[PDB]
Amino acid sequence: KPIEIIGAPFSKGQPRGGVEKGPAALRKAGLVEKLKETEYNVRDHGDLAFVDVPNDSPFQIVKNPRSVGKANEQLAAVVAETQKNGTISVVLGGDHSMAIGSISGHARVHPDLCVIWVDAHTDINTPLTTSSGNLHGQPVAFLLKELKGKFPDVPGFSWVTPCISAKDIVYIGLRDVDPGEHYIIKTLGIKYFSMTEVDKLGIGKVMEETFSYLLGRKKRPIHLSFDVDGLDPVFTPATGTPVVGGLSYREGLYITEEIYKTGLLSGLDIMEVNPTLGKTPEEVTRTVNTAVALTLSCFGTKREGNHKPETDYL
């Protein structure tokens, strides 16, 4: 199977500068080389160059709408391309707002795909409900069909086409949801596993249920959008929005290991890694490393170990 790394050094989805250095950090840690050591063919597409939209006036409360909408239109193009020729796309974030382009592009080639969203936040604020005009917290709002026309069109997002419905997404790791967002998920019947369900069920049963919910009827492509803040700040401290009480390093890998086993992984997002937010070099190293680990886990690396077929080690 082919793998194609796509860097998206973008950061207008939110106020904190740094996330755009995410892809560099993950590469510097040997992500690409370590991936080659797996049974997958790897091709690094490089980092996309995003053209800055001059005079990008805020839309009501939404900030940098055009720059974000354009950077995402570009990314969607690229992702659709690699997806078209049957390769698995792996996007390296900047901020999670790039998930708009990532998933959009993916859905063009695979319209029946489902989304597993490992986050601490639902990122489903609509331009009307956001308290801050930060777009990294509104990705899903622009993707859901059920949210079509429930908020004014935003400058630069006209190209977007709601590709997935409320029945095709499942949240895992939730613990910091705004009143508005909570209203939305309850109202639309979205499936989720907040930290309370994780604590209650254990990470084993949670994964078991997310699959029977999304793959029960039809087996379809899987798009994993992983926000590094879904793990507890103790594991991934170098991010913009820390939230105590999150998934452990162990649980994170267990999610990625189970997803690898389904053989349906089609698209991946490793978002919000911000190298400039580490209080100590070690905090940044901790974060990058676990991000990398999760990525390799998605593509086979098992904790029980791995050995190359047909090779008699004795």
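Heads up: residue numbers just count along the shown sequence, starting at 1.
Review point. Which is higher on average in the deposited entry, the C-alpha temperature factors of 195 to 203 or of 103 to 111?
Key: On average, C-alpha B-factors are higher across 103 to 111.
Practice item. Higher average CA B factor in the deposited record is what I'm after, so tell me if that's 163 to 171 or 115 to 123. Key: Going by the record's values, the stretch with the higher mean is 163 to 171.
Review point. Going by the deposited entry, which of 268, 49, 264, 247 has the highest CA temperature factor?
Key: Within the set 268, 49, 264, 247, 49 shows the top C-alpha B-factor.
Exercise for review: Select one of 234, 90, 98, 214: the residue whose C-alpha shows the highest B-factor in the crystal structure entry.
Suggested key: Result of the comparison over 234, 90, 98, 214: 214.
Check your understanding: Taking the entry's C-alpha B-factors for this chain, is residue 227 in the lowest, middle or highest third?
Key -> Residue 227: CA B-factor falls in the lowest third of its chain.
Exercise for review: Using the B-factor values recorded in the entry, state whether the Cα atom of residue 158 falls in the lowest, middle or highest third among the modelled residues of its chain.
Suggested key: It falls in the top third of the chain.
Review point. Ranked by Cα temperature factor within the chain, is residue 86 in the lowest third, the middle third or the highest third?
Key: Within its chain, residue 86 is a highest-third residue by C-alpha B-factor, going by the deposited values.
Practice item. Comparing against every modelled residue in the chain, figure out the third that the C-alpha B-factor of residue 31 lands in (lowest, middle or highest). Key: Within its chain, residue 31 is a middle-third residue by C-alpha B-factor, going by the deposited values.
**Study point:** Within-chain third of residue 134 by Cα B-factor, per the entry
**Key:** Middle third of the chain for residue 134's C-alpha B-factor.
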